[PDB]
Amino acid sequence: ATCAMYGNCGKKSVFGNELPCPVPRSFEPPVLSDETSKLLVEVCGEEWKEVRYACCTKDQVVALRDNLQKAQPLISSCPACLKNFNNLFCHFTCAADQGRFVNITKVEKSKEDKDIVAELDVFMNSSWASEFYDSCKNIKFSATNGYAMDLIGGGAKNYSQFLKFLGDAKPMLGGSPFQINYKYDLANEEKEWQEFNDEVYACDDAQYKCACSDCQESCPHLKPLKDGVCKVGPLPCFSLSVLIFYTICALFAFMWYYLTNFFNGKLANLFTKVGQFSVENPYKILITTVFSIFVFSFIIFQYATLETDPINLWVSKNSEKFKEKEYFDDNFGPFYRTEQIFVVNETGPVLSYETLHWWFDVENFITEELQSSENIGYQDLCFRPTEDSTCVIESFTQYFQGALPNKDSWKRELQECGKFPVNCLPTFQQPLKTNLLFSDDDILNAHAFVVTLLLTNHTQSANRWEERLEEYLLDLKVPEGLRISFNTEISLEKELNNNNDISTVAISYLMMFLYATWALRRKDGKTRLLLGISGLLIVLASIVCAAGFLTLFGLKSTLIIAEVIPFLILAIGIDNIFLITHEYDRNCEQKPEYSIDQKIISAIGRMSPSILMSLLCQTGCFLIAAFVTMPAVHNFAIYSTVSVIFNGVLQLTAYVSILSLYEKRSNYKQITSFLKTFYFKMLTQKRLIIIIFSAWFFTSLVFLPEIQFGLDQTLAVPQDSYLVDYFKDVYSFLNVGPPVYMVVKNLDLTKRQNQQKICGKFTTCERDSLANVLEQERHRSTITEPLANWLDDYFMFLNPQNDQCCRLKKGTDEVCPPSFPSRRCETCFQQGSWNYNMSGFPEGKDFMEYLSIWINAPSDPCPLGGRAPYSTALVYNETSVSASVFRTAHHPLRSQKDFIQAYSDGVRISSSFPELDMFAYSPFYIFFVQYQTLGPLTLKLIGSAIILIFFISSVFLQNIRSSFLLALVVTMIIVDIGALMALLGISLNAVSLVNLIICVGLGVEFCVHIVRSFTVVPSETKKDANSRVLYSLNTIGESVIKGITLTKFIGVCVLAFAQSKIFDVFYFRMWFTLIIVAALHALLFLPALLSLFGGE
Ligand SMILES: *[C@@H]1O[C@H](CO)[C@@H](O[C@@H]2O[C@H](CO)[C@@H](O[C@@H]3O[C@H](CO)[C@@H](O)[C@H](O)[C@@H]3O)[C@H](O)[C@H]2NC(C)=O)[C@H](O)[C@H]1NC(C)=O
Ligand SMILES: *[C@@H]1O[C@H](CO)[C@@H](O[C@@H]2O[C@H](CO)[C@@H](O[C@@H]3O[C@H](CO)[C@@H](O)[C@H](O)[C@@H]3O)[C@H](O)[C@H]2NC(C)=O)[C@H](O)[C@H]1NC(C)=O
Ligand SMILES: CC(C)[C@@H](C)/C=C/[C@@H](C)[C@H]1CC[C@H]2C3=CC=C4C[C@@H](O)CC[C@]4(C)[C@H]3CC[C@]12C
Ligand SMILES: *[C@@H]1O[C@H](CO)[C@@H](O)[C@H](O)[C@H]1NC(C)=O
Ligand SMILES: *[C@@H]1O[C@H](CO)[C@@H](O)[C@H](O)[C@H]1NC(C)=O
């Protein structure tokens, strides 16, 4: 029994620290004189029993008792930390029986009125101190969600930095003890040899256990081990499979030479009698067409004027996430309109007394707002969690309730509010975290700060107020060294309305018309005077009649069809015009004793089956796109197929009539190797061009999966707008992204079974419980912010030691007011039966009985569980409860791939709870459901179309060889466009998907006419494959290139000044790529493939 200090020598004039004095080792005190009874139960535990000798007085016991009485409510959550904490201080202070302090040096006064030990050291084991700190490094607080370790170690994250926190302080005396390391010649064995450890417990490997919300060990060590397929490989799976499949062929290709029915055959009796019907009474055909135009343009102007401007065109109705979105709105209100304003110092920190003297005027002038329309105020439209609550505003001015200027002491108060947001509460009891309103954590060196204002009232007067707010938000001033940025809900809508001016589209169609008319006019003398005008008017009549006919069935018309349906129907219609006309003008040279009517009947009997074939392939390709989830493409497919069939019937009825009438009112006296003819010698290079397009196809098919998915609303904001700076500020200065709410649909009363699946801060909670699972997901998923668990807070509201709030007078089931500051009312639960052991609280009627009292009063004196935090958090049923939500947030989500990953997390987490009925809601979730299936949907849709093209082409051609060649070319053109999407920065979303469908349609269009002409024309022909290839080019190829050149003129004219970035990305580059790739595959690859196929 050798000690290091004993005697309690010296006293002190005030403050009752009553400090102890040192002593030598050769000293043994008499003990057990009823101090051991007091030293056992109420201080540092019953581990000891009949301890032979101790080293502390009764005075030091009661001083140690009161010291630990102050510190134990701060640590009582995790029992292992509390126990080894008390065991530490007891083995130090009183159990100096075993020498746990050595080499005392400085005593204030040797034996005078001030004889005490100060500034002395202690040895200790590193393993022991590490296991002690590991069991205490992350601990939440009792009255709040703050880190209790942060109260006892600062921003420690270090055991030695936590040891030195214990060195010197205002309470009793600072001794600065802890010095762990003793590397060389400590002392003799058992004589001053001294290491320290007493079997330190932890959360695990111990009969005691803490919570997962507290301790990292209590969480599932089997954090989800399968982790899901990362879906990305250092080797691209599909690309590597493509490479090796081509390479095993690449070896062999060099080593193997290193060694009765006439249904569709004579269907043209129905096309004959229609044409013969078109030339007989053609005037009424033209009259009926031109009058039906008046009828439909009428319908469109008066009826179905709506143009489906709302965002309900992208989202699929009857889907999971849409039903979930409505279920959110009906119970928890709608998502608040957000108005975020950035204030930023470029190259430096923002916070200065001048900036506060500036925002002094701003925070209140925005409660005035430039005398808006009929005096609408922010206080009159704000967000109120309760009707008597004040208007909320997120800004560090609410750390000071608006009472902003404290010139002498603002830095410290702001550091206090940043680290410890409690006791920094605004007019509303809702606290504020720095990451939500600051770019960087250390506020004094933060490059920017975020002031966010939100509203609840979702109709058009709030938007008229925002229209009033912007003009003066632009007219507001700024210092020379400061920057600002801002945004509101209707900003993007107005930026879409801003650059809607595209006269370029009008002049584009102008140039297309001027060329399209100028076709084959001066071959055999001046001709073609106003015949192209008629065909263009009939083509336009097709889309107007379709638009009116489908507004008859009350069908919505998107902005997308306004650019696609004209572009598509023109591209096909003028192509049929040039085929019909040129075939007539060639019949005028062979056997001109055929009258004009027999000229056009013979032309229709030759080529109308090609039109029907192209039409069936396209319409089937468009009906496949009808079996889709979202209506933006569904309405497209209906519009498309119906506009195609209206054009396919008018250009073979009405245009046939106007052709007859035009060539009959003119006398047209007929009297008859050019440049287009000179390219017949180039075809001797058969194999080269096919290898070129084969490498073109293989290279495109390898780069095929590098296309990005999505669409960024941030791109489209026009140049020199007030939002281009805003998104760059969000990319760098905003720390929190979209909020996520976990909603549980329908449960009963707390039966203590259901709650063990949601409780986090307690011992008797499942491993698979909600808060613990979300804690282990939060380390690695898109959600980083901790969650608002009102059940843990509602149960922490009734613990007696941290209650100045829950009180009642006589067990009367009637509480005592918060404006009643008196001790006459006692705690709601017994100081002993507070049931921390298990998840303990009322289950039936008494659970609700205390729940209504919990949200009865706010939390100003007792800052825990007011009405303001969780007023709208749960739609409580009168009998038990209905639903409730638990909010959290995302890490900022800057990229579009981040948005997609955020959603796939929002779907993988909800599928982790087969026990419960829950789901996740974020405003943007309903918009990104498409991308989870868009890849395979593209593959299914296109491949289905291609195989359907194969079937229909094999039907009309009555042969599979040429039809397969058609299918191979049309497959190839899409692949090449897909890689060219990757290269041209085109994102893959619904918009570009529709345009790829019409790519497939037009690609089909080009090729069908040629491959139909590869069928024999027995009069004046050869069965020689190359010979009818030359036929297909000098007959149809010239007409095809003359329907191509105009569709190229559109691209070039569009590009010159179409400033709409979304139009310039997804429509110019798409279409330009389409016409180029498809013309090169149709004019070059197709003829070489066919001629070399037949070449034998
Ligand atoms: C944030 O905005 C403020 C306000 O415009 C700017 O702070 C500037 O910080 C620099 C560097 O600390 C100051 O330079 C110093 O100026 C004194 C003269 O008072 C000179 O003797 C020192 O040697 C040093 O160069 C500068 O004065 C200060 N600006 C003003 C108006 O006082 C800056 O734009 C941002 N803060 C940064 C860059 O730290
Ligand atoms: C925002 O919510 C309120 C819900 O009423 C609407 O704003 C305005 O609210 C005041 C009352 O707070 C209404 O004034 C009252 O109108 C009645 C006639 O209806 C009149 O007899 C009273 O003397 C009083 O003036 C006011 O009508 C109402 N609307 C407007 C335009 O001022 C408003 O409907 C909501 N905002 C939006 C954008 O929907
Ligand atoms: C709309 C979503 C999808 C995305 C874009 C939103 C981003 C910002 C605006 C989000 C991110 C976190 C959000 C957030 C965090 C916390 C709270 C407290 C809560 O009691 C009301 C909502 C409120 C006040 C909102 C405001 C809007 C914020 C700041
Ligand atoms: C204490 O310090 C002295 C030096 O004063 C040193 O010689 C000794 O080894 C240290 N430990 C003990 C117990 O004396
Ligand atoms: C909710 O309360 C109603 C009465 O207001 C009760 O009929 C109903 O059963 C409750 N819902 C439950 C228990 O799921």
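Residues numbered from 1 in each chain as written, not as in the entry; some residues may be left out. Chains lettered and ligands numbered in written order. Heavy atoms only, no water.

In terms of determination method and resolution, the entry is listed under X-ray crystallography at 3.5000 Å.

Along helix α4 (residues 126-134), the residues that are buried comprise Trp128, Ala129, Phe132 and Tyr133. Within α4, the buried residues cover an arc of 130 degrees as seen down the axis, which keeps them to one side. Capping of α4 at its N-terminal end is provided by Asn125; its side-chain oxygen lies 3.2 Å from the backbone amide nitrogen of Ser127. (Buried < 20%, exposed > 50% of the residue type's maximum accessible area, 1.4 Å probe, protein only. Helix = DSSP H or I, 4+ residues; strand = E, 2+ residues; numbered from the N terminus. Arc of directions from axis to C-beta. Polar contact = N/O pair within 3.5 Å; in protein donor to acceptor, adjacent residues only side chain to side chain.)

Within this numbering scheme, the UniProt entry marks residues 501-661 as carrying the feature "domain: SSD". Secondary structure content for residues 501-661 is 76% helix and 0% strand, and the end C-alpha separation is 40 Å. (UniProt positions renumbered as here; feature names shortened; annotations may be inferred.)

Core analysis: the biggest nonpolar cluster contains 199 residues, and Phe636, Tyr794, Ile998 and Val1000 have the highest contact counts within it. The biggest single contributor to this core is helix α32 (residues 1061-1094), with 17 residues. Dropping the residues within four chain positions of it, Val1000 is found in contact with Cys621, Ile942, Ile946, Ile949, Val970 and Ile974. Counting 41 residues, the second-largest nonpolar core is a separate cluster that includes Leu64, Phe141, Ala143 and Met149. (Core = buried A, V, L, I, M, F, W, Y, C linked by side-chain atoms within 4.5 Å. Contact = heavy atoms within 4.5 Å.)

Between side chains of opposite charge, pairing is possible as soon as their charged atoms come close. One pass over the structure, following the stated rule, counts 24 salt bridges. Residue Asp214 is joined to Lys761 by a salt bridge in which the shortest nitrogen-to-oxygen separation is 3.7 Å. For the residue pair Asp214 and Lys761, the accessibility class agrees, reading buried in each case. For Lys591, the salt bridge identified is with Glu593, shortest N-O distance 3.6 Å. Three or more residues joined by partner-sharing salt bridges are found here, namely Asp227, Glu777, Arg780 and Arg908. (Salt bridge = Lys/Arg side-chain N within 4 Å of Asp/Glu carboxyl O.)

Turning to the UniProt feature "disulfide bond" in the protein chain, a few remarks are in order. A sulfur-sulfur distance of 2.0 Å separates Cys382 from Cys391, so the disulfide listed by UniProt for this pair is formed here. The disulfide annotated by UniProt between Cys805 and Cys862 is present in this model, the sulfur-sulfur separation being 2.0 Å. Remark: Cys862 occurs in the loop between α26 (845-854) and β7 (874-875) and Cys805 occurs in the loop between α25 (790-796) and β5 (807-808); sequence separation between them is 57 residues. (Disulfide = S-S within 2.5 Å.)

Turning our eyes to something else, we now look at the site of ligand 4. Taken together, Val102, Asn103 and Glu192 make up the full set of residues near ligand 4. The contact in question runs from an oxygen atom of ligand 4 to an N or O atom on the side chain of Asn103, over 2.4 Å. Within the complex, 34% of the 360 Å² of free accessible area of ligand 4 lies under protein. (Near = heavy atom within 4 Å. Areas by Shrake-Rupley, 256 points an atom, 1.4 Å probe, with all protein chains shown as cover.)

By nearness alone, every residue bordering ligand 1 is listed as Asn345, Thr347, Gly348 and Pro349. Within the side chain of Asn345, an N or O atom sits 2.4 Å from an oxygen atom of ligand 1. Alone, ligand 1 offers 710 Å² of accessible surface; in the complex the protein occludes 20% of this. Its residues placed into classes, the shell around ligand 1 shows one nonpolar, three polar and no charged. (Nonpolar A, V, L, I, M, F, W, Y, C, P; charged D, E, K, R; others polar.)

With respect to topology, three strands assemble into an open sheet ordered β2-β1-β3, the strand pairing being antiparallel. Of all strands in the sheet, those with a lone pairing partner are β2 (448-455) and β3 (483-486), marking the two edges. Strand after strand, the sheet turns through a mean of 15 degrees between neighbouring axes, direction not considered. When strand β1 (residues 337-344) meets β3, the two strands line up antiparallel, connected through four bridges. (Pairing = 2+ DSSP bridges. Axes fitted to C-alpha atoms, helices over the stretch in contact; angles between N-to-C directions.)

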